[PDB]
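Heads up: the structure comes next, in structure tokens.
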Amino acid sequence: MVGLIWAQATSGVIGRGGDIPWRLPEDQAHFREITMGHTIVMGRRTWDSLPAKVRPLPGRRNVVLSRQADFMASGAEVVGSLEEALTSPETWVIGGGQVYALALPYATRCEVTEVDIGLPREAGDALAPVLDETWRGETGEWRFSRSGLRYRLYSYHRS
Ligand SMILES: NC(=O)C1=CN([C@@H]2O[C@H](COP(=O)(O)OP(=O)(O)OC[C@H]3O[C@@H](n4cnc5c(N)ncnc54)[C@H](OP(=O)(O)O)[C@@H]3O)[C@@H](O)[C@H]2O)C=CC1
Ligand SMILES: CCc1nc(N)nc(N)c1C#C[C@H](C)c1cc(OC)cc(-c2ccc(C(=O)O)cc2)c1
């Protein structure tokens, strides 16, 4: 089972300028709940965006995709191909834009957080993948953050 997990603005934006363009603690707990104890796979750019205190993400086997055979990352398994990255029975792909696109055909689950923020797409943004009709989805009820942000969770499956 390969799953994708991401948080997006309604527009589809998941990243801009190498960061996630909002703060949503409740989403972080959700992310932790889904991924804990499992292998997580991420692109090198997403690995870089992790704060040092949380790099590698603890309690998870961190796998980082890079075409750089040189690339070093303490606490992470650096691999040069997707095949090398998806060798765990339950694998969660945690970003970013490039790697969601690469892993999407391998995926049978998506766990999506939608953030109700005004954030129209700009050229060069990292974007969420588009889920087509092969997917079946359940839409969660809207929640309000601490904070000021409305958000909701989707669970998507295909067999
Ligand atoms: N909102 C969310 O849920 C999330 C948001 N983000 C955001 O996403 C953005 C980063 O995503 P993105 O810019 O798309 O970059 P990625 O995080 O997807 O990493 C891209 C890198 O992955 C490596 N790579 C890509 N394809 C391959 C391949 N086929 N084989 C081997 N290595 C490969 C390369 O690393 P190299 O260049 O070293 O070869 C490439 O530069 C940031 O803004 C981040 O904050 C990230 C995760 C989740
Ligand atoms: C929490 C954000 C997030 N939400 C969802 N639903 N899917 C995702 N794939 C990511 C993501 C991501 C990137 C890798 C990221 C960036 C970041 O910048 C501060 C922090 C985290 C992060 C995730 C979990 C934990 C934790 O378990 O304590 C800490 C930091 C994770």
Side-chain angles (χ1 to χ4, degrees), residues 2-36 38-68 71 73-79 82 85-86 91-107 109-132 135 137-157:
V2 175
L4 277 41
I5 180 165
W6 72 84
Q8 64 171 89
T10 301
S11 63
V13 176
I14 64 171
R16 179 175 296 165
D19 195 333
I20 300 179
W22 58 82
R23 29 194 70 110
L24 183 49
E26 293 88 342
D27 172 66
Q28 183 157 307
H30 165 66
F31 170 87
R32 184 176 181 267
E33 186 62 37
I34 295 290
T35 57
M36 189 57 45
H38 304 296
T39 302
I40 57 181
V41 170
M42 73 201 83
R44 188 270 304 168
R45 290 175 161 176
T46 291
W47 169 264
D48 293 344
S49 79
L50 285 170
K53 62 155 182 56
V54 79
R55 192 172 90 243
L57 284 163
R60 285 145 290 189
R61 187 181 175 197
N62 287 230
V63 178
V64 178
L65 197 54
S66 178
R67 279 191 191 90
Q68 320 178 39
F71 192 75
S74 182
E77 185 191 44
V78 179
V79 300
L82 188 69
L86 298 178
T91 300
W92 285 96
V93 175
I94 67 165
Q98 296 184 28
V99 172
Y100 290 135
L102 187 69
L104 176 66
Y106 298 79
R109 287 187 61 190
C110 294
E111 291 294 332
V112 181
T113 304
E114 177 182 5
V115 180
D116 180 16
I117 52 182
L119 197 70
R121 296 175 39 258
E122 294 176 3
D125 281 348
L127 301 176
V130 178
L131 298 187
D132 65 14
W135 296 90
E138 282 174 335
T139 308
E141 299 301 311
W142 285 104
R143 305 178 192 176
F144 253 95
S145 186
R146 267 141 173 82
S147 151
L149 261 40
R150 213 164 60 108
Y151 70 104
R152 65 172 161 189
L153 310 179
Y154 297 73
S155 300
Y156 290 95
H157 294 254

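If you read the sequence from its start, that first residue is 1, and numbering goes on from there.
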- Query: Step by step, would you call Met42 with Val99 a side chain to side chain contact (heavy atoms under 4.5 Å, CB included)?
  - Reply: CA-CA 7 Å; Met42 73 201 83; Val99 172; over 6 Å; no

- With respect to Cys110, which candidate in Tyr156, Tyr154, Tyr100 satisfies the side-chain contact (heavy atoms from CB on, under 4.5 Å) definition? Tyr156

Can you give the donor-acceptor pairs under 3.5 Å from side chains of residues 53-62 to other protein atoms, not counting sequence neighbours?
from	atom 1	to	atom 2	distance (Å)
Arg55	NH1	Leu50	O	3.1
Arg60	NE	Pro58	O	2.9
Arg60	NH1	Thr35	OG1	3.3
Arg60	NH2	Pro58	O	2.9
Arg61	NH2	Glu77	OE2	3.0
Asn62	OD1	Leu57	N	2.9
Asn62	ND2	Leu57	O	2.9
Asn62	ND2	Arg60	O	2.9

- Is a side-chain donor or acceptor of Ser11 paired with a backbone partner of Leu119 at a separation under 3.5 angstrom?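 The answer is yes, because a donor-acceptor pair under 3.5 Å joins these two groups.
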
- Check whether any side-chain N or O of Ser145 sits under 3.5 Å from a backbone N or O of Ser147 as a donor-acceptor pair, and report yes or no.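 It does not hold such a pair.
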
- Message: I'd like to know whether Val115 forms a side chain to side chain contact (heavy atoms under 4.5 Å, CB included) with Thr10, so could you lay out the CA-CA distance, the side-chain angles of the two residues, the decisive distance to 0.1 Å, and finally the verdict.
- Response: CA-CA 6 Å; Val115 180; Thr10 301; over 6 Å; no

- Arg23, CZ: over 12 other non-hydrogen atoms inside 6.0 angstrom: no

- Message: How about CD on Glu138, more than 12 heavy atoms from neighbouring residues, nucleotides or ligands closer than 6.0 Å, or not?
- Response: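 It does not: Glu138 CD has 12 such atoms or fewer within range.
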
- Item | Chi angles and distances behind the side chain to side chain contact (heavy atoms under 4.5 Å, CB included) call for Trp92, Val41 | CA-CA 6 Å; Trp92 285 96; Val41 170; over 6 Å; no

- What about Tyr151 and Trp142, are their ring centers closer than 6.0 Å?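 They do not qualify: ring centres at least 6.0 Å apart.
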
- State plainly whether the residues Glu122 and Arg16 are in salt-bridge range, i.e. N to O under 4.0 Å.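 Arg16 and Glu122: salt-bridged.
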
- Query: Any side-chain donor paired with an acceptor under 3.5 Å for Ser155 and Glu111?
  - Reply: yes

- Does the side chain of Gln8 come under 3.5 Å of the side chain of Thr113 through a donor N or O and an acceptor N or O?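 Their side chains do not contain a donor-acceptor pair, so the 3.5 Å distance test is not met.
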
